[PDB]
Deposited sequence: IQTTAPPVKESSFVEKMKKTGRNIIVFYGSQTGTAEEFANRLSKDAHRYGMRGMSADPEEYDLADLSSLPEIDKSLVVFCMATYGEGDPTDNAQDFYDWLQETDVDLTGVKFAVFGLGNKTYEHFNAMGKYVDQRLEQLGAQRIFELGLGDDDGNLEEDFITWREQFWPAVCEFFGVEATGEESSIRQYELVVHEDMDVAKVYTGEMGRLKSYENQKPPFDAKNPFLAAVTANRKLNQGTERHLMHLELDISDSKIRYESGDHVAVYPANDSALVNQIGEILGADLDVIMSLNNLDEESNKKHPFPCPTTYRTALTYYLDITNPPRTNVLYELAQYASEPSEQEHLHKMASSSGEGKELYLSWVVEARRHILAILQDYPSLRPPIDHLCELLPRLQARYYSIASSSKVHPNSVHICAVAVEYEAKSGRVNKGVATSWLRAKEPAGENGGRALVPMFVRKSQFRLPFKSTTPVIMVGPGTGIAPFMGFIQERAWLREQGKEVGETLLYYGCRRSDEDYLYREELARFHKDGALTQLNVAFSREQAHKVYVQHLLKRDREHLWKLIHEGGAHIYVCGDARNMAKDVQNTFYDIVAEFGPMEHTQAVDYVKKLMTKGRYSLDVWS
């Protein structure tokens, strides 16, 4: 960055006969997928659309959109940490805040993607919807607020079903399977031109050249991969990735992303059940010669490679995918069930929610349970979403391990109501990496989760379970700072696990840090060692007096890592209670006080799932 912007999107629409453009603010591909669905929808209403990444354009050109008759712009925007825009929407967000351009004549609609388990729920979607109106544009349809904590796919379905009629009524317009790509099989292909799993340029995995990032991941050697937990209820692991000579920089608190490979057995079974040759070399070429998206993923390549490295074959298929696949089910009842999965209500929706989503049925499961469903492999590859990278909180300090990035994760393996055992893609793949050479394509994503600039500032870390991850780096660093002869303030860890002899992660290492004084306190809540639950917040409440002292008089920084659904909220509530008792102040003021700590960078979060 800064990336070189494409030419005016309005002129592109004029040259290609498009009247609707749908921008996506996305990081995990959800909003991008929703934008593509809306763009494709345009055709069924006598219109023509295109989806677009805002980062590739100058949104100031919106002021020219009215030059196209019956034009409209839709924004599908997801929100990230602290109500910020997705990385690809930062330029647009800053422009909205700074600009004063008049958007009179512009017609817009916004669908926001968020999750109610966060403070700033759909902050981006809300901001864009508000700002465009302030700039003079006119809203054509109500803001959509999708919540990933319930069911986002359904929120989109409901919104979309009302959106189009509204557009048709306003513009006075009125309302067959179509493919975006064409299959080209390559019979005499030179092996040197066939992709084999790389993400960017051909052979970029074999021939590595910095700088390394999301488009050019560095293949890091797995130098260590060991089981962290004592018991066998689950599998928790510690991996060390060698980033020597990658020139990659990182700090404790940052995240490492990895591009995994799907289970080979699963890939094989999909090809097997479809009666397809997975080793066929081919390309899926966009039927729209004007679009910059030439292929759905790196091509040419084999179906096996696409299914292994480029496509998501484990998450429940979205309704549009099942809708398009229905045409390939020869049993009427099965074609009907698949068709109705896109319903906004009734039994069709109920079935999608229970049989597909709740049961966690992936594509192969559906092909097995609806045996008449036998789609051509090429169309299936065009429908499946892209395989996303997985993020992990770096468990090492670059002050201590500048050439190694550590990872602490729990392997995902569970019983699904679908009747099968589902395996986590990234963790199963990581678990199988054996030192001596096992390579892991990765890159680092800078975060704002960081130790205080001043070594003297107190630190309160709360990270039960895998939430301990970033704190191992924090502690290594604070330990290093002391060893370097600096004045280090109190460093407190509030950790938690089920039992000391089951899953007390880094037990030995933490004991050492404690003994040496790197950890002023090592408070551990063993949730299952007694009849009642003992959690980290119970220990925080226990130490309320001292914590208030560190917070209100010591300028302590609070860090919470791990489970975002329940733990983070329970911990936040405990801090509210501590402030309310020691301020003293009413609950309402204690809440503002704590939320202020967040805005002032003294209460940071690294929570997920």
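J.: Missing C-alpha coordinates: which residue stretches of the deposited sequence does that apply to?
T.: No coordinates exist for the deposited residues in 1-4, 180-183, 445-449, so these stretches are absent from the model.
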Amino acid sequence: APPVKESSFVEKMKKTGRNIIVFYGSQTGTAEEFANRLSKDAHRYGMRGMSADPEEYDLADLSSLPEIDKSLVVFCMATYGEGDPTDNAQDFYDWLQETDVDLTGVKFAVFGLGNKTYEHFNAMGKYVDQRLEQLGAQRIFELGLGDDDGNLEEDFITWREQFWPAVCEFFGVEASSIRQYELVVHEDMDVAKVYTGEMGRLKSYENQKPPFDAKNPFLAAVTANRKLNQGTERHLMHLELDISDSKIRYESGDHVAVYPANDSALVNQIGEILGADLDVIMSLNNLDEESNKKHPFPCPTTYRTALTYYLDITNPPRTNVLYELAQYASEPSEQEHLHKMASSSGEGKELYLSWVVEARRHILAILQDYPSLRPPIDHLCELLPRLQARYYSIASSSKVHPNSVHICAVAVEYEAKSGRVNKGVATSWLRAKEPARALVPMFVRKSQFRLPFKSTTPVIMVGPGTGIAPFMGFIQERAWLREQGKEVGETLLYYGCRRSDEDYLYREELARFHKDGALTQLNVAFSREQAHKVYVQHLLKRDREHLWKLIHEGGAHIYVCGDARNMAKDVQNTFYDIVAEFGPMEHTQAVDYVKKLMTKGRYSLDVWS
From here on, numbers count along this sequence of modelled residues.
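J.: Which wins on mean Cα temperature factor, 495-503 or 87-95?
T.: It is 87-95 that shows the higher mean C-alpha B-factor.
J.: According to the deposited model, is the average Cα temperature factor higher in 44-52 or in 569-577?
T.: Averaged over C-alpha atoms, the B-factors run higher in 44-52.
J.: Between 137, 123, 365, 76, which carries the biggest CA temperature factor in the record?
T.: When the deposited C-alpha B-factors of 137, 123, 365, 76 are compared, 123 is largest.
J.: Out of 413, 254, 382, 82, whose C-alpha atom has the biggest B factor in the entry?
T.: In this record, 82 carries the highest C-alpha B-factor of the candidates.
J.: Going by what the PDB entry lists, where does residue 60 fall on CA B-factor within its chain: lowest, middle or highest third?
T.: It belongs to the middle third of the chain when residues are ordered by C-alpha B-factor.
J.: Using the B-factor values recorded in the entry, state whether the Cα atom of residue 145 falls in the lowest, middle or highest third among the modelled residues of its chain.
T.: Its C-alpha B-factor belongs to the highest third of this chain's values.
J.: Comparing residue 480 with the other modelled residues of its chain, is its CA B-factor in the lowest, middle or highest third?
T.: It belongs to the highest third of the chain when residues are ordered by C-alpha B-factor.
J.: Within this chain, which third does the Cα B-factor at residue 534 fall in: lowest, middle or highest?
T.: Lowest third, going by the recorded CA B-factors of the chain.
J.: Can you tell me whether residue 391 has a C-alpha B-factor in the lowest, middle or highest third compared with the other modelled residues of the same chain?
T.: Bottom third by C-alpha B-factor.
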